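To start, the structure itself, in structure tokens.
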RNA sequence: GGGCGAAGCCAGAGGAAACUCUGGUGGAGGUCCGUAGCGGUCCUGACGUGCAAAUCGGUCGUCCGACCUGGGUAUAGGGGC
RNA sequence: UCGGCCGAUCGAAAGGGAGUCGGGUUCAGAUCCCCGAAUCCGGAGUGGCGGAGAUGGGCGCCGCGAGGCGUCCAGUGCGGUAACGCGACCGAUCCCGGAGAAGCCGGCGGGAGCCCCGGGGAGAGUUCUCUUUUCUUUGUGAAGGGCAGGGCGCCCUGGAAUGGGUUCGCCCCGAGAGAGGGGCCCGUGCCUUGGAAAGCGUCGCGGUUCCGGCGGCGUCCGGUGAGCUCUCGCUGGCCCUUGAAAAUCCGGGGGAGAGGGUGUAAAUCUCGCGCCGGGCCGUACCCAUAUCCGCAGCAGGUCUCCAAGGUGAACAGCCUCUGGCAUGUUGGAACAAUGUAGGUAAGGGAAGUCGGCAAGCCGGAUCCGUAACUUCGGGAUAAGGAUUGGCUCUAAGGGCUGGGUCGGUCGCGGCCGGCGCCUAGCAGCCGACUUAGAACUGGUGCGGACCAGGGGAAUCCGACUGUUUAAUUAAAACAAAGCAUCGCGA
Ligand SMILES: [Mg+2]
Ligand SMILES: [Mg+2]
Ligand SMILES: [Mg+2]
Ligand SMILES: [Mg+2]
Ligand SMILES: [Mg+2]
Ligand SMILES: [Mg+2]
Ligand SMILES: [Mg+2]
Ligand SMILES: [Mg+2]
Ligand SMILES: [Mg+2]
Ligand SMILES: [Mg+2]
Ligand SMILES: [Mg+2]
Ligand SMILES: [Mg+2]
Ligand SMILES: [Mg+2]
Ligand SMILES: [Mg+2]
Ligand SMILES: [Mg+2]
Ligand SMILES: [Mg+2]
Ligand SMILES: [Mg+2]
Ligand SMILES: [Mg+2]
Ligand SMILES: [Mg+2]
Ligand SMILES: [Mg+2]
Ligand SMILES: [Mg+2]
Ligand SMILES: [Mg+2]
Ligand SMILES: [Mg+2]
Ligand SMILES: [Mg+2]
Ligand SMILES: [Mg+2]
Ligand SMILES: [Mg+2]
Ligand SMILES: [Mg+2]
Ligand SMILES: [Mg+2]
Ligand SMILES: [Zn+2]
């Protein structure tokens with residue numbers, strides 16, 4: 001697994017051709033966006049919730065947006 | 001305190017092998033395990049590695065020497081003789 | 001053992017297959033003269049050749 | 001319960017000892033603790049300027 | 001710094017096999033504060049009842065499992081141990097109910 | 001798992017020196033007591049149509065070494081070892 | 001033109017040898033199946049995408065400046081004094097080196113797992129009285145990133161005797177100590193992605209005759225150590241003993257060559273990502289007082305890994321927990337002789353017997369105290385003597401922090417300073433075991449079971465340790481070091 005640090009790197013990671021799906025896991029303290037690429041599972045950790053909600057609608061279309069809750 | 005009167009290093013052999021054989025091996029074992037002053041670096045670190053092989057820990061210089069002493073009295077006279085014959089050979 | 005060669009495993013496979021009772025309809029054949037499989041082998045009584 | 005008694009000193013005695021004094025509390029371990037405690041004290045005294053290099057080195061050998 | 005644990009005696013009191021008044025009357029002398037039973041350790045640990053709910057509020061480090069230990073001690077004294085059972089229904093709360101056949 | 005405590009080293013004391021004495025440290029050895037292991041002393045014990053075509057009980061020897069042991073190799077009959 | 005594996009080939013399921021882990025699942029298989037996270041090797045000719053190479057200066061001009069045009073010249077990366085670092089970082093034949101690749105033993109130190117202690121939960125046990133009690137349980141794989149921690153015979157400054165640093169031991173230093181500042185390696189520890197969604201513990205609700213069902217809550221905080229077991233490291237000792245090889249992989253030296261004419265460029269790339277593939281054979285189970293060998297479900301034999309609590313020196317013996325079992329190919333009833341195994345015995349104490357055979361005595365630890373003889377090492381636990389319980393205390397043996405003389409002031413707080421003498425060192429907190437001494441006390445009993453040397457005086461033989469007739473002889477026999485002799489210059 002790989003941990004994506006800032007928001008921008010996650011966007012073009014999710015826009016890759018080998019990105020199979022993105023999973024959103026809502027914990028008590030953070031929201032994790034996990035995109036399943038060919039080699040690695042890229043996880044982006046968002047501390048707050050407004051940025052997590054903003055990222056939810058900005059995801060590329062045609063990609064599975066499975067919610068883990 | 002001085003722990004033994006006369007056996008010294010061969011106290012490890014106990015009562016075994018005979019007094020004269022222990023006395024004979026005593027002076028060899030002392031020179032075998034002694035640390036000599038290295039003639040290359042000047043440090044007292046030249047110690048026996050194997051039989052006939054003497055190695056210095058500091059300059060990592062390995063010398064071929066005697067079995068129990070760093071050099072034998074045989075080889076020392078030989079080196080002096082070879083030097084004398086070499087300076088006689090040339091002029 | 002658990003580690004075995006293919007030739008040994010094939011040998012043991014044949015021994016399993018031929019260690020079975022005769023079929024019941026054999027005894028009804030004309031002039032049978034066979035009562036039971038006399039070449040039955042038990043793993044504990046007699047050991048295999050290898 | 002018996003461990004708490006042994007802390008206070010019960011069941012130690014002379015008739016409760018089966019091993020040698022060195023097997024119960026090794027002298028080499030006792031010497032290490034003493035050397036480590038005393039060398040640490042001498043070091044802390046040297047870096048707190050209670051003693052100098054030369055008094056430290058005399059006491060270290062002592 | 002307030003603990004506020006709770007004991008719920010509802011199923012047995014509605015079946016009349018025990019009363020919460022006596023169980024309250026049992027706790028105040030058995031609770032030990034700093035090892036001393038009686039006087040609730042100088043009244044630091046308080047006790048009160050809602051006729052089914054007995055809540056214990058403390059201002060000192062006080063264990064919830066102590067209430068279960070004390071409650072089980074009451075039930076054995078009153079021969080209720082073979083029918084009732086103290087179960088943690090939530091945090092800061094205990095509740096005693098029947099064995100389910 | 002314990003015992004003994006070789007050389008090397010530190011401190012103190014006595015000495016003109018040579019050196020000596022005391023207390024520690026150190027941890028050597030085909031070293032000691034003794035497990036596991038390996039072996040097999042005595043009971044001339046048990047058994048002796050046995051549990052066993054050589055086993056069992058207690059007692060024993062050794063247990064850092066010429067130590068114990070698996071597997072792989074080599075040596076074959078007037079030959080091997 | 002270059003090209004010696006100078007020799008086929010075979011030889012290890014314990015040596016060498018890249019790279020898979022966590023959860024679930026069966027009646028029986030799983031590191032192989034399913035789920036999820038990785039990873040190694042190989043391939044990509046028509047070149048898969050990026051990134052690197054690699055895209056800057058000079059001069060004429062235009063242009064208010066900035067910036068645009070032409071020409072010329074570079075450009076096989078860059079940083080640090082250094083150790084060395086950064087994401088790549090052209091390069092053949094050839095050469096050099098490394099890794100693979102190294103014994104046994106000792107002593108320390110780091111890390112983990114387990115054990116122990118103090119609390120917080122959840123569930124159980126006891127409750128005749130006591131017991132805030134006793135018991136169970138209380139996760140985070142590989143692979144990445146970061147940080148501890150450990151190690152360095154690595155670098156720079158500097159130059160040390162009144163020598164100093166330093167270990168349990170050692171050991172180190174003008175061939176460069178101490179001190180200050182750096183660099184590298186390992187990082188199995190912690191945090192993080194994996195990750196809680198899983199797993200587990202509890203409490204419930206539905207049913208799909210047999211749900212990876214649904215749901216609530218929890219999965220917490222600390223402290224210890226000559227502890228045990230693995231592992232990593234450091235430093236020693238021993239050897240007339242010096243403790244594999246080869247596949248395989250890598251680095252360096254050298255520079256034959258290749259690449260482009262200033263282009264949105266070339267050769268090239270051990271950098272990031274992407275695409276495809278990994279065939280063959282083994283895999284169940286037993287592994288032993290019943291799956292093997294011994295004619296057998298035979299008290300024999302048969303190579304290893306893991307390893308809890310108490311007592312205790314202890315992997316001893318004895319009791320217990322997890323796990324396992326049914327007493328070893330039968331039961332019942334009696335309790336004769338004789339037996340086998342185990343005890344006790346008044347008085348005497350080897351009178352028994354070939355012979356103290358067998359049994360018994362002694363035994364641990366502490367404090368004393370120890371002879372002849374001797375190869376000076378030993379003898380030696382010589383011999384001999386005293387003590388040993390329980391309970392209540394008293395001393396002694398450690399580690400962490402903080403020691404200010406104060407508003408002269410504002411980042412009831414902070415930068416400098418007039419502002420003071422712990423300097424015979426204090427104050428608080430935490431913490432193991434161990435030793436010594438004392439009182440009291442029991443029907444003198446206390447290493448209370450277990451564990452656990454009888455001793456001395458001599459003679460013979462063999463020096464010792466070692467070995468030996470598997471199945472009647474373990475010896476004084478053999479061996480041994482030491483001594484001596486003999487043959488031999490290929
Ligand atoms: Mg058989
Ligand atoms: Mg020995
Ligand atoms: Mg012995
Ligand atoms: Mg015999
Ligand atoms: Mg007999
Ligand atoms: Mg081969
Ligand atoms: Mg299985
Ligand atoms: Mg984790
Ligand atoms: Mg230095
Ligand atoms: Mg959960
Ligand atoms: Mg299997
Ligand atoms: Mg058997
Ligand atoms: Mg046979
Ligand atoms: Mg049987
Ligand atoms: Mg029986
Ligand atoms: Mg039976
Ligand atoms: Mg008698
Ligand atoms: Mg008598
Ligand atoms: Mg007689
Ligand atoms: Mg007679
Ligand atoms: Mg006897
Ligand atoms: Mg004697
Ligand atoms: Mg007493
Ligand atoms: Mg002999
Ligand atoms: Mg002799
Ligand atoms: Mg033999
Ligand atoms: Mg025999
Ligand atoms: Mg002689
Ligand atoms: Zn030298």
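These residue numbers are counts, starting from 1, taken along the chain as shown.
Just so you know, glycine gets a Cβ as well, placed from its N, Cα and C.
Feature annotations, reproduced from Swiss-Prot:
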ZN_FING   B:38-59  zinc finger
BINDING   B:38, B:41, B:56, B:59  Zn(2+) binding site
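Taking a C-beta cut-off of under 8 angstroms and a sequence separation of 6 or more, residue B:41 (Zn(2+) binding site) has the following same-chain neighbours: B:56, B:58, B:59, B:61. Around residue B:38 (Zn(2+) binding site), the same-chain residues at least 6 positions away in sequence with a Cβ under 8 Å from its Cβ are B:44, B:45, B:46, B:56, B:58, B:59, B:61. The Cβ centroid of B:38, B:41, B:56, B:59 marks the Zn(2+) site; residues of that chain outside this set whose Cβ lies within 8 Å of it are B:39, B:40, B:42, B:43, B:45, B:46, B:57, B:58, B:60, B:61, given in sequence order.
Within the group of binding-site residues (B:56, B:59), the Cβ with the highest number of other Cβ atoms inside 10 Å belongs to B:56. Under the DSSP three-state reduction, residue B:56 (Zn(2+) binding site) is assigned to strand.
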